[PDB]
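Number of protein chains: 4
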Amino acid sequence: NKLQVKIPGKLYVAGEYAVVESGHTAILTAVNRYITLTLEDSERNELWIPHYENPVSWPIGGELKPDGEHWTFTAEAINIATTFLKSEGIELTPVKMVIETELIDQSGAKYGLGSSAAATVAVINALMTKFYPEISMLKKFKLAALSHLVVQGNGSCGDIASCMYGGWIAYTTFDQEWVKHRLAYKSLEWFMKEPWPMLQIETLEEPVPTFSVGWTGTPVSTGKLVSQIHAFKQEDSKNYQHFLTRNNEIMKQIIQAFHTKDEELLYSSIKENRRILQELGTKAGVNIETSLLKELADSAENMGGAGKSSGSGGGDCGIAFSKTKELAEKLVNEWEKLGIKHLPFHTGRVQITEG
Amino acid sequence: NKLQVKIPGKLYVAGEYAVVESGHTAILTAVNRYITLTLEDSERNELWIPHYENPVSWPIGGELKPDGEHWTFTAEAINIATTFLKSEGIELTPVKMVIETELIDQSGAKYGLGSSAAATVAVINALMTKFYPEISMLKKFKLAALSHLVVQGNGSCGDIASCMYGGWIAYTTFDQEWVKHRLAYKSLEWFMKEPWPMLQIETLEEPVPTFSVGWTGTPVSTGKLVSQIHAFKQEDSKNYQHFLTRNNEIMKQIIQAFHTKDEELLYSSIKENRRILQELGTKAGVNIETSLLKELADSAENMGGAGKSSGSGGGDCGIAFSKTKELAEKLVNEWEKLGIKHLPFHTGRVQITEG
Amino acid sequence: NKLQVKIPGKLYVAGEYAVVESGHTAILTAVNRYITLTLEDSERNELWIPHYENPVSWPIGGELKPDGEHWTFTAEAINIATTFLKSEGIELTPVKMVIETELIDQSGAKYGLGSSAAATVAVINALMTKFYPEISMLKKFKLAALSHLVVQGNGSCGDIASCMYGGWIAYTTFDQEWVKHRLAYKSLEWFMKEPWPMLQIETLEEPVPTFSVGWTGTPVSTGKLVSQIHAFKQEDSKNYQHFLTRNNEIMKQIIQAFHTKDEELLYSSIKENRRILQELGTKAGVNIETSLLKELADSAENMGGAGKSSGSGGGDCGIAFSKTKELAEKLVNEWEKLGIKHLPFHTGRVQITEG
Amino acid sequence: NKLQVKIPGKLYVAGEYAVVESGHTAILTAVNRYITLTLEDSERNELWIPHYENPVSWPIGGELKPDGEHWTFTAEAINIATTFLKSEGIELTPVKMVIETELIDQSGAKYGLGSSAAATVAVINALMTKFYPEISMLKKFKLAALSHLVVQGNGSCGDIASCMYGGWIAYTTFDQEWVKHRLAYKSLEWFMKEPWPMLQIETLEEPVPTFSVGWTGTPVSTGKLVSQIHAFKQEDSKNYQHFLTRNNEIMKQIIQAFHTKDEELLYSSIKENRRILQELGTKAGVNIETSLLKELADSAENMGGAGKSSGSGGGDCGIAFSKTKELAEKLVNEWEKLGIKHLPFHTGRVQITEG
């Protein structure tokens with residue numbers, strides 16, 4: 007008799023990079039690949055993660071601070087959840103948590119489905135369900151976002167949102183500077199009840215066109231690729247602000263496409279977003295879209311649909327929308343020939359069970 | 007009856023860039039140019055800063071959240087102090103605080119004497135003196151460091167340390183990730199009582215060799231230097247690590263030179279630090295030393311002493327040590343001929359008076 | 007041994023019209039043309055102004071309420087100064103005040119350099135220097151603002167601020183309704199000690215580019231224009247709001263230009279401001295930028311710089327920024343050919359001397 | 007025991023627009039539709055108004071400054087009454103005040119019966135009856151007038167007079183400029199004791215001819231019309247002055263008609279007033295007499311009497327005088343087929359009961 011929490015991985019569909027800016031919108035979809043965290047009562051606290059053969063323990067109602075390096079994201083989530091529960095007068099009791107992941111390739115490389123985010127979301131969902139089940143989903147997102155943002159040091163938290171809500175969403179980044187400044191003088195409970203400036207999470211309906219995901223398995227040194235854009239920003243304000251401005255225009259369209267179920271407006275919008283991204287990388291000396299990615303995208307358009315890299319780029323998953331199942335069928339093999347590894351898609355859903 | 011708090015500006019003497027890393031060391035000296043904050047009781051809260059003729063006000067014991075970016079550093083300090091004081095059950099009463107500065111050039115450009123740190127330290131000192139004067143200096147450093155680091159978004163806080171302690175100090179950066187992670191689940195009071203891993207603030211004796219300061223006829227352009235370097239450590243970790251390794255050994259030598267009054271060791275050590283910084287810049291493809299800074303340093307060495315840029319480089323101040331006052335005078339004369347603006351130096355000291 | 011007070015005129019640089027709105031920001035510069043008020047002890051009070059041959063007198067410590075229409079601004083100033091002094095237990099003694107002006111053309115026509123504001127400021131400074139010199143600058147601005155406000159019946163008081171502080175300033179209008187509502191139930195002393203919301207007066211650094219002033223004007227009415235625009239605000243809210251939205255975006259740009267010494271940003275910003283003022287006039291059916299004003303501005307833009315009307319427009323002065331003293335000289339040359347009177351410029355400054 | 011105050015609504019009968027000018031006169035009648043303010047002692051201050059579902063509170067003897075825009079008129083009346091009571095050495099005690107209205111249609115639209123003036127007068131009467139009942143009606147008018155004019159920002163306060171005095175009155179506007187100028191330097195106590203120049207409120211005898219009130223069902227955004235007329239005054243002083251001069255001739259006549267009960271002189275005066283307002287509307291490009299108001303007045307005239315818009319015109323109510331009740335009923339029937347809502351009328355009277 008235990009508690010199982012399944013958190014779907016995530017994929018950026020549109021709006022990448024621009025979304026790092028406060029108040030900017032991106033489109034994301036959760037995927038049918040999960041992080042499974044099983045929680046059960048125990049004699050002492052215990053945490054097991056896919057990167058360590060042995061678990062770590064820590065005092066009841068106390069702090070978890072192991073010497074590892076891959077414990078950071080999950081430990082921070084535990085620490086924040088603990089501090090919050092105590093502030094709410096909720097007493098913690100020893101539990102054992104075990105985390106499994108389907109976000110890693112047989113080789114050991116991450117597909118790029120937001121592992122750090124899903125793991126964070128799993129812990130928050132597990133602990134809240136166990137000790138504060140009636141807490142709103144929005145507050146759980148906030149706890150998870152705070153956790154992930156302090157550990158990552160950056161990021162829009164759009165990934166946290168996708169994993170937390172599952173399905174398809176339009177995510178608008180909250181005012182991060184606003185939050186960071188307040189972390190030093192405001193309490194968690196304050197953060198839970200105070201509305202976050204610019205934040206918005208909108209559930210969208212799964213598009214009719216068939217969605218396909220191809221893993222270009224090129225381990226992305228995110229620290230570089232993304233940072234190169236970071237430096238680019240504060241260097242070519244014109245070209246960057248141009249990107250942002252354009253991105254907002256295109257995002258307004260893709261959203262309408264979702265709202266009106268306009269398949270052609272969807273294809274056209276994805277193509278436009280794919281271009282401004284190539285442009286961004288171009289006039290920035292960056293390779294967001296690698297060769298394999300370029301082909302994945304080209305083969306998606308030639309097949310009648312549309313495609314583009316999913317995320318920061320320079321490797322990892324790419325996405326495409328096809329007019330028909332058959333067209334998707336052809337494209338899949340079309341990719342498999344190019345070396346791209348297809349990843350059977352099914353909109354991810356958060357699954358919490360007490361079986 | 008008023009409270010006057012005079013906080014000296016600061017100058018990095020050695021260890022720049024490396025000090026950004028946790029557990030790394032730098033040498034700093036406070037200067038005899040101050041930020042003067044005068045606090046007095048009033049009907050409403052009032053905060054006045056240098057170029058704004060109208061102060062801002064905020065609720066007693068409430069949050070101060072002005073729009074202007076010019077209020078950010080001081081507002082954060084007030085907010086962190088308020089939250090802390092309240093945690094100690096201290097009741098806040100309306101105060102009027104006026105801030106004056108001597109850290110700016112006639113035109114209005116900052117000399118690069120740590121304006122944001124000095125202002126932060128001034129606020130923390132004034133408020134602590136007024137509502138909790140028995141608080142240790144270390145605890146005040148901690149409050150100031152937290153405030154400055156969340157606002158700056160980076161920085162070793164060596165400037166905060168120099169402004170807070172005055173005189174000459176050897177500063178070793180606290181574990182910044184340790185602090186950032188805990189900002190989300192630990193309390194301000196906890197931070198106050200907890201020892202900060204790696205933190206070291208060692209007071210040093212006033213050096214015997216004559217210390218000179220020269221402003222390189224122009225403000226920086228920071229946006230690039232710090233940025234470009236930050237991006238460099240990611241890309242070329244080998245040379246960056248060599249830099250870090252060399253830096254800490256040189257810092258040990260400088261500290262010994264001070265302790266043992268070994269002038270020759272001081273000059274040779276400063277020359278070495280200048281050199282590892284030039285190597286760093288070159289391999290990063292940037293110029294920490296502008297033409298004028300190079301002349302400032304080169305002349306200082308030619309005069310029988312040593313010199314180097316102070317801080318980020320690319321402008322602002324350069325410093326030097328000379329064997330005698332006479333040689334220091336000749337050095338200064340040369341600088342002026344070259345276009346360097348001499349800034350008469352005297353070690354700065356924190357001064358708190360309640361007259 | 008009498009007291010002489012010289013108050014500089016003012017010129018709106020950017021943000022006109024929109025500045026009437028509470029919390030909106032405009033740029034202004036005082037001019038090297040002054041209003042001179044000379045005060046001295048006498049047997050009976052005497053006020054001499056450039057518009058009347060004979061002076062007016064009133065009871066010591068009493069109110070000045072003359073029939074003349076052109077005594078209003080100065081009389082109101084004397085009356086509010088008197089009420090203030092009385093609240094301070096200060097006793098008034100007879101004095102003779104004579105006002106002289108360099109703000110009128112050799113045709114008795116006002117250049118449009120804020121005559122009502124300068125006079126108001128002159129009176130406040132004269133009486134305060136003579137009877138209560140310890141008063142802060144801000145309080146003097148408040149007295150002057152309230153005085154001008156009720157007499158003019160409208161206005162942002164950005165002119166008062168400029169004549170009071172001189173130099174270059176970014177003026178942010180106080181909460182208009184907050185002040186007006188309180189005039190009915192709060193005392194003058196209350197207004198003096200209370201923090202005014204939204205108000206702000208920021209001291210700026212004179213721009214590097216050469217500033218030129220041309221009197222492409224001729225008394226038109228002014229009231230006609232200010233009333234028309236006010237009416238437009240009601241009749242066409244969408245377009246008026248568009249103007250405000252653009253004005254605020256542009257204003258933040260110009261403030262950035264001033265702060266960063268960015269000349270290019272300055273030129274582009276002024277051109278933008280000019281355009282929205284043209285649009286406003288067109289949509290409202292008002293002639294802000296007259297034909298001659300249009301020429302003044304066009305010539306300035308053709309010369310590689312930027313130009314625009316200053317203030318209400320419909321005549322009065324126009325202003326411009328040239329890339330070099332030479333270009334400016336040529337510009338001034340073209341204006342003179344077009345029938346525009348040049349007014350050599352030097353940043354105005356308040357001069358209060360007793361010998 | 008609760009205190010109930012009923013303030014009647016108002017309707018301008020003649021002299022509208024011109025009445026804003028100092029010393030000019032208008033005729034008004036209060037109507038049998040009321041604003042009801044119920045006051046009682048409570049533990050804390052409480053104000054409830056129709057627009058909001060919840061009340062606002064404020065410190066005993068302190069200032070009421072809520073955030074909602076619709077609280078302004080009543081909050082101002084409370085603030086000025088409070089300042090007046092303190093000047094008389096009266097101690098404020100906590101009270102609960104609830105305002106209800108009959109000045110609105112079933113649909114929720116205001117009839118245009120002076121909602122803001124009536125509310126202001128209800129507050130002043132309620133607080134004076136409760137804390138300083140001996141005060142004169144003229145002093146109460148002054149408190150209500152000062153309150154309403156700084157909030158409205160314009161207007162003659164003839165509406166305030168009618169709501170305060172009830173019945174039929176000849177209202178002569180006080181010296182507007184005289185009041186506004188002194189707001190900056192005179193105390194409220196001085197205003198109460200000083201006779202206001204030009205002010206006159208004369209109680210009149212109700213005319214024998216039946217008075218009919220018809221609501222056009224068109225709410226009016228007064229601002230737009232008033233601002234347009236004020237601008238017209240600046241854009242064409244000759245025509246505007248013709249309007250005023252003409253208006254003054256008519257007012258003299260209508261006052262004679264009232265004094266002597268000259269029914270024929272009343273009809274012709276109304277027709278003439280209607281005419282000059284039509285002229286003003288035409289010349290200024292302001293739709294004072296709408297198509298519905300035209301039909302309303304025409305039918306009144308065709309029936310043997312006279313009619314016209316009441317107040318700003320542009321909508322709201324139209325009024326008429328008829329030879330007999332029978333002719334009035336015929337007139338009303340004609341109005342109703344046009345969509346005009348008949349508002350059964352009989353002179354309104356202030357009703358204050360402490361039982």
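Residue numbers (the entry's author numbering), protein chains in the order written: chain D, 7 to 361; chain C, 7 to 361; chain B, 7 to 361; chain A, 7 to 361. Yeah, the Cβ is synthetic: ideal placement off N, Cα and C, and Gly gets one too.
* Test item: CB-CB of B/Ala115 and B/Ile13 under 7 Å -> It is not a contact, given that the beta carbons lie outside the stated cut-off.
* Does any residue of chain C bring its CB to less than 7 Å from the CB of B/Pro213? -> Interface annotation, B/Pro213: not in contact with chain C, CB-CB separation never under 7 Å.
* Nonlocal neighbours in the same chain, by C-beta distance under 6 Å from C/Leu53, ignoring five residues either side -> Answer for C/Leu53: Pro61, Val62 and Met103, listed in chain order.
* Cross-chain neighbours of D/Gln240 in chain C, by beta carbon under 7 Å -> Within chain C, the residues near D/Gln240 are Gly229 and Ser233.
* Using 7 Å as the limit for Cβ to Cβ distance, is C/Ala237 near chain D? -> Interface residue (Cβ-Cβ distance to chain D less than 7 Å): C/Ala237 is classified as such.
* Status (buried if at least 16 other CB within 10 Å, exposed otherwise) for A/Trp221 -> In the assembly as shown, A/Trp221 is a buried residue. Its beta-carbon has 16 or more other beta-carbons within 10 Å.
* Figure out for me which residue from C/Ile166, C/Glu241 and C/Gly21 has the closest Cα to the Cα of C/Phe147. => Put simply, of C/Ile166, C/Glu241 and C/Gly21 the residue whose alpha carbon is nearest the alpha carbon of C/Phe147 is C/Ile166.
* Asked: So, does the CB of C/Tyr58 fall closer than 7 Å to a CB anywhere in chain B?
  -> C/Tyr58 counts as touching chain B.
* Of all Cβ atoms in chain B, is any one closer than 7 Å to the Cβ of C/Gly114? -> For C/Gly114, the answer is yes, since a Cβ of chain B falls inside 7 Å of its Cβ.
* How do the region 286-299 of chain C and the region 319-333 of chain C stand: do at least 3 beta-carbon pairs fall below 8 Å, yes or no? -> Touching, per the Cβ criterion.
* From A/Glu82, A/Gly324 and A/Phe327, residue whose alpha carbon lies closest to that of A/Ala150 -> Measuring from the Cα of A/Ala150, the nearest candidate turns out to be A/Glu82.
* Straight-line CA distance for B/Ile261 to D/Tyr246? -> Our two residues, B/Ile261 and D/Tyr246, have alpha carbons roughly 21 Å apart in a direct line.
* Asked: Of the residues C/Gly120, C/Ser121, C/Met143 and C/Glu307, which one's Cα is nearest the Cα of C/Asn131?
  -> Comparing Cα positions, the closest option is C/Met143.
* To do: Answer yes or no: does any C-beta atom of chain D fall closer than 7 Å to that of C/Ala83?
  => Closer than 7 Å: no.
* In its own chain, which residues sit with a C-beta less than 8 Å from the C-beta of C/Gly161, not counting the 5 before and 5 after it? -> Only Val26, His154 and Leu155 meet the Cβ criterion.
* Asked: Are any of the Cβ atoms in chain A nearer than 7 Å to that of B/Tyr23?
  -> Contact of B/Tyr23 with chain A is not assigned, every C-beta pair being separated by 7 Å or more.
* **C-alpha distance - C/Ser168 paired with D/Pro65, whole-angstrom precision** => When rounded, the distance between both Cα atoms is 38 Å.
* Asked: Using the rule of at least 16 other Cβ atoms within 10 Å of the residue's Cβ for burial, across every protein chain shown, is B/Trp202 buried or exposed?
  -> With 16 or more other Cβ atoms inside 10 Å of its own Cβ, B/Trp202 counts as buried.
* To do: For the beta strand (DSSP E) holding D/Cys169, just list the boundary residues, first then last.
  => Where D/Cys169 is concerned, there is no enclosing beta strand (DSSP E), although the alpha helix (DSSP H) it sits in stretches over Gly164 to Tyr171.
* **C-alpha gap between D/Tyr58 and D/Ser93, whole angstroms** => Using only the alpha carbons, I get a separation of about 31 Å.
* In or out: B/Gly324 buried (at least 16 other Cβ within 10 Å) or exposed? -> Label assigned to B/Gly324: buried.
* Asked: How about A/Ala306: is its C-beta nearer than 7 Å to some C-beta of chain B?
  -> Against chain B, the CB of A/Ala306 has no partner CB under 7 Å away; the residue lies outside that interface.
* To do: May I have the straight-line CA-CA distance separating C/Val157 from D/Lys186, to the nearest angstrom?
  => Straight-line Cα distance between these residues: approximately 8 Å.
* Per-residue contacts from C/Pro61 into chain B (C-beta, under 9 Å) -> Chain B residues near C/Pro61: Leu144 and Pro201.
* Beta-carbon separation (whole angstroms), C/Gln240 vs D/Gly21, contact threshold 8 Å -> Under the criterion of beta carbons closer than 8 Å, C/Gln240 and D/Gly21 do not qualify as touching, at roughly 25 Å.
* Outcome for B/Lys314 when other beta-carbon atoms lying within 10 angstroms are tallied against a minimum of 16 -> Taking all protein chains shown into account, B/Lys314 has 16 or more neighbouring C-beta atoms within 10 Å of its C-beta and is therefore buried.
* With a cut-off of 8 Å on the beta carbons, I'd call D/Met198 and D/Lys145 a contact; round off their distance for me. => Indeed, because the Cβ distance is near 5 Å, the residues count as touching under 8 Å.
* **Helix, strand or coil at A/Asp304 [DSSP, three-state]** => Note: A/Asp304 maps to helix in three-state DSSP.
* **Any alpha helix (DSSP H) of 4 or more consecutive residues that is wholly inside the region 134-197 of chain B** => Restricted to the region 134-197 of chain B, the alpha helix (DSSP H) segments that are unbroken, complete and at least 4 residues in length are 143-158, 164-171 and 182-189, listed in chain order.
* Asked: Does any C-beta atom of chain B lie closer than 7 Å to the C-beta of C/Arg50?
  -> Interface with chain B (7 Å Cβ-Cβ cutoff): C/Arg50 is included.
* **Between the CA atoms of A/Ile33 and A/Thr209 - distance to the nearest angstrom** => So the alpha carbons of these two residues sit roughly 10 Å apart.
* **Simplified DSSP assignment, three categories, for C/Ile110** => Three-state result, C/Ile110: strand.
* Distance between D/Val232 and D/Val292 (C-alpha atoms, nearest Å) -> In this structure, the CA atom of D/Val292 is about 9 Å from the CA atom of D/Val232.
* Please confirm whether B/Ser121 and B/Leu133 have their CB atoms less than 7 Å apart. => No, the Cβ-Cβ distance between B/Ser121 and B/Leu133 is not below 7 Å.
* If the cut is a Cβ gap below 9 Å, which residues of chain D does residue 388 of chain C touch? -> Residue 388 of chain C lies beyond the range of chain C shown here (7 to 361); nothing can be said about it.
* **CB-CB length for D/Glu69 against D/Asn85, believed under 8 Å** => The Cβ separation is near 6 Å, so the contact holds.
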